[PDB]
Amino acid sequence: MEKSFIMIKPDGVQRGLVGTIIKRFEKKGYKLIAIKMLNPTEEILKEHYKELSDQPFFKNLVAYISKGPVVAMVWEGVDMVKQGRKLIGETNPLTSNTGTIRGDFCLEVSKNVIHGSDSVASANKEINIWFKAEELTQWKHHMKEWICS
């Protein structure tokens, strides 16, 4: 099934929203298949934000996330990428609707607690950069009968 990369940014971990964010994804009926905590290299981040290497404020971004703690995740399930983005909200937490992670907990775009994959093509690249194949664990979700067809 469709996989997406969801990463709790440093400010997410600092504010103690790790549990809350996971709970939100679990309750949706989604499948956690990989999770790790790491202080990301400025070189792992260089490749994750290759798409956004084309942004004016970049020299501030990479050093930032590299410092603070990060909880990297992969979640699996039908229309994973879009629904994760839906659960997260818009980029700007001010224009982001209530009910979303960013719309319930964030104020500024520089500190939006979470990253979600923008497209399925973006997701598959992001997963490979952040995780080893061995890391992605295969398990049968007992509940999938009552979430899916």
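Note that residue numbering begins at 1 and tracks the sequence as displayed.
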Legend entry - Higher-B stretch (mean Cα B-factor, as the entry records it), 5-13 or 131-139: 131-139
Inset, instruction - With reference to the PDB entry, specify whether the mean Cα temperature factor is higher for 121-129 or for 21-29. - result: 121-129
Inset, instruction - From the list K46, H115, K86, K36, select the residue with the highest C-alpha B factor recorded in the entry. - result: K46
Legend entry - Selection by C-alpha B-factor (highest) of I65, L107, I101, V81: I65
